[PDB]
Every structure is written in structure tokens, then in C-alpha cells.
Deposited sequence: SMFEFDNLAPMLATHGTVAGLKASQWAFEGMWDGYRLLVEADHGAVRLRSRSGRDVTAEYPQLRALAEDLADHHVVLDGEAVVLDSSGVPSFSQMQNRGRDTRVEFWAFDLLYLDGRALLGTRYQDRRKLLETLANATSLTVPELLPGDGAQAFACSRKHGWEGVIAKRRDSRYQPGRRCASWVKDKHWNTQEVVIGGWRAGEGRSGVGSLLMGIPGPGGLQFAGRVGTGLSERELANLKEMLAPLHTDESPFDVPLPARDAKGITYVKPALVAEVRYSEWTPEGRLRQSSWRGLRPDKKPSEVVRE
């Protein structure tokens, strides 16, 4: 076992309603950044999903192990920023500033005080993690009770993004996406390319799907407004400003009012209920930017 070779295990997109509690545990899906956390001698070290050393990017998490000073542990979990409803928000994480509070929500334990746990079944790793957290300041969200449909319904009532089901008998497989973990969201989600923006900072974004002849306008998506989402989103949009509309049809007057067009370089993810027959996203909401996705990969899902 070696923390410096570790990469997170990944979940397969699927449906959790139908899965039974006898074989499956159910966790809330937390929007944030995935972190592997090594705590030793009261000091913390961090690895991102890409294996990069990101310890310096999270000074908020330095105190994580000050309560664990006698332990040597490796944890898996999510760094999160909570919205005003208490729910992890990806956009608030992406737009965090120097005063923004960041938490680490742990959901796995991969090494504990001389015992490497990759081959230990999830159900047993969880009990060890819960015991560790009950005695310290580590934050370990509880499992959702019931079978998959009940767990999904509970997640929805809380306003959480979805559920991750994890097989109770499953080992931890670093760096692999596995059938033993199933991820399921309440909302349909669609990748879109940003073609322009309107002020309230940045009040809203004009979305499109790449096609022959340019972006096919998919509607305006409100940002929700952090008044820092906007200063930061403006920052990412500023190098892309252009006088040339990227859309395949010049935008209608109401959608073009006050618009700054951008080169169609940035992918974002939005939630939606259904497509309209004209190609617009109904009940859209902003999840956040997807900086590693390429516009050429964006297709109507």
C-alpha cells in the first residue's frame, strides 16, 4: 500500500431504484472535488482525482488531522462548499474565494494505523470509518436507510444531487470505474457550450449544442448568482470575448439583449427537465463549468 500511487475508485452511471439493501449500501451524492487524504503525525497531504499533489490548494483542510494526531489514516471523500440550504454546491466550490469555508466529507477508509484496507469489504471499511469519526472531528455522512428506491427518495427530499450505491461486499479498486459502485442523479443533465453571457456580474449564460453551422441555441441558464460566481465566471469568459456570434441562427432579440458573445470554447453542465420540440432546455439550472470537457465531445444526450 502506498498513498503516493493512489487514485480514486469511480462509479458507473446507472439506476439505483431496484437495488436491495441486503447487497447494497446507499450514500448521498455530494457535488464537490474528489480528494484522497493522508493524515499522519497531525499533518495532512492531499491527492486530487488526477493524482496531482493538491495539498497547497486546500489550507482549510490543514486542521483535518489535528484531531487525528495519533493516527495514520488514508481517507477518501469529497471537498465541499455548502450552499445556503446546507447542500454541497459544485458552482460554489468552483467559484470559492479565500473566505469560503471548505469541508471534507469522508466516505471511505483505505488505511488505518498499519492496516491497508483495499481488500476489506465496503461494509467493514465503513464500520471502521464510522468508529474513527465517532471519536474525532472527521465528518462522515451516514448511509441512507432502505432499499434503493427509498434511499433515492430520501436523497431527493434532502435536496441532494443523487445517490451512490456501493456493494456491501465490494473491495476498493484504485483508479478504476467499477460495476460495484452505481451513481444516479435526480435531474437529467446535459453538457452545453457557452456562446455568450448577460449581466445580472454574470446574470446568465446563453447555451448551445455544437452542430453544423455553429451552436444550436439551447436557452438561457441563470447562474443563481453568488456575486462571486460572476466575478470568477467573468474571469474565465473574458479571454474569449468576440463580436462574432457562435450560434447557427442569430439569436432572437430578447435573448441577445445585453449579450457579450464568446468563442465557443467552454463546456458547462446544466440540469433540465425535458427538451422542448424547438431544442430548448426546460427548467434549466446551472451545475458548473466542466473545464476538461471539449466542445467537440458535446452531444445531445
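For this chain, the deposited residues without C-alpha positions form the stretches 1 to 2, 203 to 206, given in sequence order.
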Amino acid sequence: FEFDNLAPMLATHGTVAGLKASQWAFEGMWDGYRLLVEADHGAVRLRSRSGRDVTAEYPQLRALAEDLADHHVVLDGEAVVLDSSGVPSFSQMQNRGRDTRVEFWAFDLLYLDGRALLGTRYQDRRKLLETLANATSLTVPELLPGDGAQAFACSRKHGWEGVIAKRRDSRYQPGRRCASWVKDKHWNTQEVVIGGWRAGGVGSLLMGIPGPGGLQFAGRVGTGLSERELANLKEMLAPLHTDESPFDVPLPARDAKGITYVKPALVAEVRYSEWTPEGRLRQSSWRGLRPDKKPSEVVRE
From here on, numbers count along this sequence of modelled residues.
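Stretch comparison (248 to 256 versus 56 to 64) by mean CA B-factor in the PDB entry places 56 to 64 on top. Higher average CA B factor: 233 to 241, of the stretches 24 to 32 and 233 to 241.
Note on the listed residues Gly196, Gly159, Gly200, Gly208: the highest Cα temperature factor in the record is that of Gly200. Within the selection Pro212, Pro141, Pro174, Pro88, the deposited Cα B-factor values reach their highest point at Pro212.
Ranked within its chain, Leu225 lands in the highest third, by CA B factor from the PDB record. Per the deposited record, the Cα B-factor of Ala135 falls in the highest third when ranked against the other modelled residues of its chain. In this PDB entry, the Cα temperature factor of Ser204 sits in the top third of its chain's modelled residues, the highest group. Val44 sits in the highest third of its chain by CA B factor, as recorded in the PDB entry. Among all modelled residues in its chain, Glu78 ranks in the middle third by Cα B-factor.
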